[PDB]
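The chain contents come next:
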Amino acid sequence: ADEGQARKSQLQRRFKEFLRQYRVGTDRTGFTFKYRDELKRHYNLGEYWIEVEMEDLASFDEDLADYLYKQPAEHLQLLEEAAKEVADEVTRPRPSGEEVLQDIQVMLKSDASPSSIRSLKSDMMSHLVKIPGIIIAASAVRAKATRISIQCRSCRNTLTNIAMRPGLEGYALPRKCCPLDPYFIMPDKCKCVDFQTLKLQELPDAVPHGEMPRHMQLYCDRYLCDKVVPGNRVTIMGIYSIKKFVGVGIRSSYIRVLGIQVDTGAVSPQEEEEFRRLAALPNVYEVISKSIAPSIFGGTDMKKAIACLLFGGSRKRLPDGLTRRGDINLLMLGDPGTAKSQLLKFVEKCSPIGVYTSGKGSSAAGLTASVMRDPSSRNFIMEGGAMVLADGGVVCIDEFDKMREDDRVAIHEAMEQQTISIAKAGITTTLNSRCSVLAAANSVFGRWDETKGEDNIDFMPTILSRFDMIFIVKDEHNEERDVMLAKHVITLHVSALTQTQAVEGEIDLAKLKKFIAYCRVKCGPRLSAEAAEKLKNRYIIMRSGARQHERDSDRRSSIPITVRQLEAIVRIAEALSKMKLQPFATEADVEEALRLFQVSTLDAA
Amino acid sequence: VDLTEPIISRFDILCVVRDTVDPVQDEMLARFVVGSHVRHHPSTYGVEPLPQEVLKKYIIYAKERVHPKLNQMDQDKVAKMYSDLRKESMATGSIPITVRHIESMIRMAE
Amino acid sequence: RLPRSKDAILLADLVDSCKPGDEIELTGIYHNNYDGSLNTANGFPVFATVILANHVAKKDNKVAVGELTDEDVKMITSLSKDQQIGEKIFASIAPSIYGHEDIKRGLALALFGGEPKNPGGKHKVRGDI
Amino acid sequence: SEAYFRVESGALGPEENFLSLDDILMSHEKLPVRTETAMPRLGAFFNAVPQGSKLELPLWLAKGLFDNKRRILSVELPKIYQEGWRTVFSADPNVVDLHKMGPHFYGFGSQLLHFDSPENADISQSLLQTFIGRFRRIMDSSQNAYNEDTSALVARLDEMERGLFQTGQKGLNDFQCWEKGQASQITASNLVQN
Ligand SMILES: Nc1ncnc2c1ncn2[C@@H]1O[C@H](COP(=O)(O)OP(=O)(O)NP(=O)(O)O)[C@@H](O)[C@H]1O
Ligand SMILES: [Mg+2]
Ligand SMILES: [Zn+2]
């Protein structure tokens, strides 16, 4: 109908004028056409998408924002077409090979407070919704047709450029041209886009008491594909809608995603300047150590070890192809009630990639990888365990001594070789497990009992050798420490109401996380030559001391000292250098590494 | 007890009950037990209880409509108490692991 | 013996009124309809049945804050004015047990419980006793 | 204004600039050769180095030893300038990683023409066509990557192309600061860090 086409044209023109006319700034400073320039730069870069803020659209034209909130399926098509023509007039003339105009994906975002999965009742259907969650599964990218052409099978007539509805809903082929089903879809003359289905688990904070966590199906389209991976925490803006292919009148529901916001790697130049300043200032090591678990009194050397673990050493591929791990493995044996579990809970939060597991709650398959039959296909498929989910990050195994021996055995390849070799059910692969293992455990006799000596440790030498640093954090009674600790604890409990203010000489958790990510991707150090000479000599003295202690006891020590410990000192020094973004580890960096390992070696005397 | 320190220290309150002989207390206890048996036929208190329906309403009200805040609790007193409690415990056989007992006291005050 | 079971349908606001493991008390319309699968399974004109729900209570959550009345709140807050309220509550735990006043006190403190908190938004500590 | 400017690279010219740090680092890169006559006393480095020995030594040293009569050594091209890699460049110049294939790709290739190899013309045409192919992507990325992480865009570029990228980025940032009015403020120099 001409009236309907007039309505669509008017709304498209209004969106066009929004994208043409919207500005930010003031006359005192200046103005930039935000979405014009974003369209131009993205098109010239070949990105073909933009990110329209709902608040900006509301400020320009509140009726458009309200229409897009209530009926996004109708109006997002008009907005995308408006963006396409605005991109055309903003970019043309274009060079050779860029004459044809490309479709523009208008993602959108909002400053509004989000809803939740259990808040999504039936009345929210076909509206814009904004919910948080965790991605637990992610499909492989698959092609969905946006336009098709269908050719009659008998007489070879063709219907071309039929518009496919977006989302998971399909299209009904005509039953008239011939046979009852005259048509087939031409596989060449059709245009397709990437799409990817995800499963978004409810936030653990959002689960009501006693409930299992719900999850919601997501549909990601075009440039939203591979924008998020499993384990990430996101806010999803999308259209709650039915799938459209026990009981009768039931239809499955999903969210058509049109905006992804990672709630927590592309840093801004301002953030890069901040990170370079942090690396440059002289006491960054102490600043990081104070920033790690600021609510935890004491344990400063253990916090320094955790800093070295978070930044990690440098992976190296040698001329014969053998690879050396840069990740640092840190065990915390000791007495109960000593903030080991809290330090693990801080590291899970603080690491750029971090996975927290209970040793007793884990299994060999669940840690490394599981082989399971795909229900919809009958094939056996792979499932990532914690060590695969934490690849490029940290695994926090709490209550590590409660694992059965056969399950602790499973992580031996992944701790050292940083791979998970699998040969099960006819599928044979070698997954990557480039991750750091941070473990916490209690003594065999509950508290560490100095009279019993090496009997306080039940871990095998083979798994103990794989830990770069082993702390026996004993809880030593002392009235002064106890008074100061109790005062700290009580003031901490009182400080649960004071607006979460920051502290001098400290990095915020988010800034520390981003700084760790930046340093990890950017800097890979090495040892200086004289520093390596120093480490060589000190390693010989240390090994001689360990051998003589074992001879004097006439019993092999539980904790070994091996070439892995040498390389552990190497990568600890490299981590200390990587904190400062220095290409080389100095004699002082090696000295601090030796000091930390000496704390971890007094703990093996 | 045969339990270990990591599991003992997770219990905020430790309670010991002993059935030691004391004939006057045994008389009082036995008279109360016989009184309960005759009272509940199918057919140390000194204060009288609430009715149990009232107590259920009271508990469910207090756990939702009330959230006690902490602003001052005599920090030096609690710290001194905890420190010499640790000192005495070092010589004997129960385990105030460092912060769990401090936080147990905070939780019990709340 | 093996237990018998029935299906029930929750509509509109009755959804999420219960979860697996809940000892619920269900009011509803006992409704039946033709089911060809049951007919072929039994070889007889057997009709499937389902309960169209109209109210879901729980036999352990006999009282809830969403059901407390103004009079209940008033008499609760009047009881709190009494200086003997701590002793009344302690005496009110397991009243058919003589003695064990320390046990009743500790159980009262655990039954009411402390306050959970997260100072700095980065460090959780439990409130439960 | 009177800001510090490095001595410009002259690597693409007939001879490189004497004082250019970029040219010095470029010429440091090693070059395979075959020695034409035995050299005494240098067996400590590679007592005589025997005749016909294959060696890899710096480009500055190869140019120093090289006389056009080919009396001391014969100079051979690196693999990235031979016909197979020239064909790889001919396929699509945008996808090759010239940062990993020698950071001074164009400068090293231009100075490689000094030895008068029979395929000098092919090397020159390959360098010219590689630059022509990569120019448009360099231009668009430099002039449209505003206020973001430029690491992925600048990763695959050789040092000359990185200089061009920084020039384009500087022009873009200058115009944006002008358009938003931040260019009018008088400010302390970068030396306020001290
Ligand atoms: N030095 C400390 N500073 C602050 N809180 C502490 C400290 N030591 C212990 N705590 C607190 O004590 C409680 C128990 O800490 P937790 O993290 O379980 O230590 P743990 O050694 O891992 N316990 P366990 O699993 O039995 O070994 C938490 O509330 C911690 O915050
Ligand atoms: Mg623990
Ligand atoms: Zn036909």
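Analysis parameters
Residues numbered from 1 in each chain as written, not as in the entry; some residues may be left out. Chains lettered and ligands numbered in written order. Part of a larger assembly, values for the part shown. Heavy atoms only, no water. Helix = DSSP H or I, 4+ residues; strand = E, 2+ residues; numbered from the N terminus. Buried < 20%, exposed > 50% of the residue type's maximum accessible area, 1.4 Å probe, protein only. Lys, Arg positive; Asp, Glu negative; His and termini not counted. Charge placed at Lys NZ, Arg CZ, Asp CG, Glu CD. Contact = heavy atoms within 4.5 Å. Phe/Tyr/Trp six-rings, centres within 6.5 Å; stacked < 30°, edge-to-face > 60°. Polar contact = N/O pair within 3.5 Å; in protein donor to acceptor, adjacent residues only side chain to side chain. Donors = N, O, S within 2.8 Å, 3.2 Å for Na, K, Ca; no water. Tetrahedral: all angles 85-135°; square planar, octahedral: opposite > 155°, others 65-115°. Pairing = 2+ DSSP bridges. Axes fitted to C-alpha atoms, helices over the stretch in contact; angles between N-to-C directions. Near = heavy atom within 4 Å. Areas by Shrake-Rupley, 256 points an atom, 1.4 Å probe, with all protein chains shown as cover. Salt bridge = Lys/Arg side-chain N within 4 Å of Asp/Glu carboxyl O. Buried area = accessible area lost by both parts, 1.4 Å probe. Parallel < 35°, antiparallel > 145°, perpendicular 65-115°, else oblique. Nonpolar A, V, L, I, M, F, W, Y, C, P; charged D, E, K, R; others polar.

Caption draft 1: How the structure looks around the overall build of chain A. What chain A contains, in helices and strands, is 19 helices and 25 strands. Along the three orthogonal principal directions, the C-alpha set of chain A runs to about 100 × 65 × 55 Å. Buried positions account for 46% of the 605 residues belonging to chain A. Within chain A, one finds 85 positive and 83 negative side-chain charges whose respective centroids are separated by 5 Å.

Caption draft 2: Up close: the environment of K144 of chain A. Residues and elements named next belong to chain A. Take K144: it is sitting in strand β6 (residues 142-152). Judged by relative accessible area, which is 14%, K144 ranks as buried. Along the backbone, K144 and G170 are 26 residues apart, and their C-alpha atoms lie at a distance of 9.9 Å. The residues touching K144, leaving out its near neighbours within four places in the chain, are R165, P166, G167, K191, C192, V193, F195 and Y219.

Caption draft 3: The arrangement of the packing of aromatic side chains in detail. Residue and element names in this part refer to chain D. Going through the model one piece at a time under the given rule, you end up with 26 aromatic pairs over all chains. Note on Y81 and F108: the rings are 6.0 Å apart at their centroids and 15 degrees apart in plane angle, and the pair reads as stacked. Remark: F108 occurs in helix α4 (residues 105-112) and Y81 occurs in the loop between β3 (73-75) and α3 (83-91); sequence separation between them is 27 residues. For the pair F89 and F105, a centre-to-centre distance of 5.2 Å together with 70 degrees between the ring planes defines the contact as edge-to-face. With a gap of 16 residues between them, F89 in helix α3 and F105 in helix α4 connect regions that are remote in the sequence.

Caption draft 4: Structural detail: the side chain of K63 of chain D. Residue and element names in this part refer to chain D. When you line up the elements, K63 lands in helix α2 (residues 59-65). A distance of 2.9 Å separates polar atoms of two side chains, one belonging to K63 and the other to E16. Those residues in contact with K63 that lie beyond four places of it in its chain are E16, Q111, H114 and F115.

Caption draft 5: Examining the coordination of the zinc ion (ligand 3) more closely. All names here are of chain A. Protein coordination at the zinc ion (ligand 3) comes from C152 (SG), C155 (SG), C177 (SG) and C178 (SG), with a distance range of 2.3 Å. In this structure, the zinc ion (ligand 3) is surrounded by four donor atoms whose angles at the metal cover 104 to 116 degrees, and the resulting shape is tetrahedral. Here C152 is found in strand β6, whereas its partner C177 is found in the loop between β7 (158-163) and β8 (183-185), with 25 residues between them in sequence. Looking at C177, the relative accessible area reads 48%, which means it is partly exposed.

Caption draft 6: Spatial organisation of the coordination of the magnesium ion (ligand 2). At this site the magnesium ion (ligand 2) is bound by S341 of chain A (OG), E399 of chain A (OE) and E399 of chain A (OE), with donor distances of 2.0 to 2.5 Å. Of the two residues, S341 of chain A is situated in helix α9 (residues 340-350) and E399 of chain A in the loop between β19 (394-398) and α12 (405-410); the sequence distance between them amounts to 58 residues.

Caption draft 7: Molecular detail of the sheet that holds strand β2 (residues 54-58) of chain D. All names here are of chain D. As summarised here, the arrangement of the three strands in space is β2-β1-β3, forming an open sheet in which the pairing is antiparallel. Strand pairing shows two members of the sheet lacking a second neighbour, β2 and β3, which therefore form its edges. On average, adjacent strands in this sheet sit at an angle of 40 degrees to one another, irrespective of strand direction.

Caption draft 8: Just the site of ligand 1, in detail. In the region of ligand 1, 21 residues are neighbours, and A339, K340, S341 and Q342 of chain A together with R10 of chain B sit closest. Chains contributing residues near ligand 1 are chains A, B and C. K340 of chain A places a side-chain nitrogen or oxygen 2.5 Å from an oxygen atom of ligand 1. With respect to ligand 1, the side chain of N442 of chain A contributes an N or O atom lying 2.9 Å from an oxygen atom. Protein chains bury 92% of the 630 Å² of accessible surface belonging to ligand 1 in isolation. Among the elements of the structure, α9 of chain A together with α5 (98-109) of chain B are those that each provide at least two residues to the shell around ligand 1.

Caption draft 9: Representation of the sheet that holds strand β3 (residues 47-58) of chain C in the model. Residue and element names in this part refer to chain C. Taken in spatial order, the three strands line up as β1-β3-β2 in an open sheet, and their pairing is mixed. Both outer strands of the open sheet, β1 (8-9) and β2 (24-34), are each paired with one neighbouring strand and no more. Where β1 meets β3, two bridges bridge the pair, whose relative direction is parallel. The residue bridging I9 from the neighbouring strand is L52, located in β3.

Caption draft 10: Highlighting the pattern of salt bridges. Using the criterion set out here, one finds 63 salt bridges over all chains in the structure. Measuring nitrogen to oxygen at the nearest pair gives 2.8 Å for the salt bridge that ties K244 of chain A to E169 of chain A. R107 of chain B is the salt-bridge partner of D12 of chain B, the closest N and O atoms lying 2.7 Å from each other. Exposure remark for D12 of chain B: the relative accessible area of 11% places this residue in the buried category. Via salt bridges that share partners, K16, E17, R20, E85 and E89 of chain A belong to a single interconnected network.

Caption draft 11: Representation of the pairing of strand β23 (residues 469-473) of chain A. Residues and elements named next belong to chain A. For β23, the tally of buried residues reaches five of five residues, placing the bulk of the element in the interior. Alternating positions in β23 separate into two faces, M469, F471 and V473 on one and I470 and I472 on the other, with burial throughout. Both strand β15 (residues 330-334) and β23 contribute to a ladder of five bridges, which runs parallel. What sits directly across from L331, in β23, is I470.

Caption draft 12: Seen up close, the interface of chain C and chain B. Across the contact, 39 residues belong to chain C and 38 residues belong to chain B. Taken over both partners, the interface formed by chain C and chain B buries close to 3,700 Å², and the fraction arising from carbon and sulfur atoms is 69%. Scanning the region where chain C abuts chain B turns up three salt bridges. With a closest N to O distance of 2.9 Å, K57 of chain B and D72 of chain C form a salt bridge. Linking chain C with chain B are twelve residue pairs in polar contact, by the criterion used here. Residue assignment for the side of chain C that touches chain B shows that the elements contributing at least two residues are α2 (70-79), α3 (85-92) and α4 (101-112) of chain C.

Caption draft 13: Structural view of the packing of helix α2 (residues 34-45) of chain A against helix α5 (residues 72-91) of chain A. All names here are of chain A. One way to put it is that α2 packs onto α5 with a least axis distance of 9 Å and a crossing angle of 75 degrees. Accordingly, the angle class assigned to the pair α2 and α5 is roughly perpendicular. From α2, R36, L39, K40, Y43 and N44 reach across to α5, where they touch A83, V86, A87, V90 and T91. Broken down by class, the residue content of the contact of α2 with α5 amounts to six nonpolar, two polar and two charged.

Worth remembering: the numbers are spatial, not functional.
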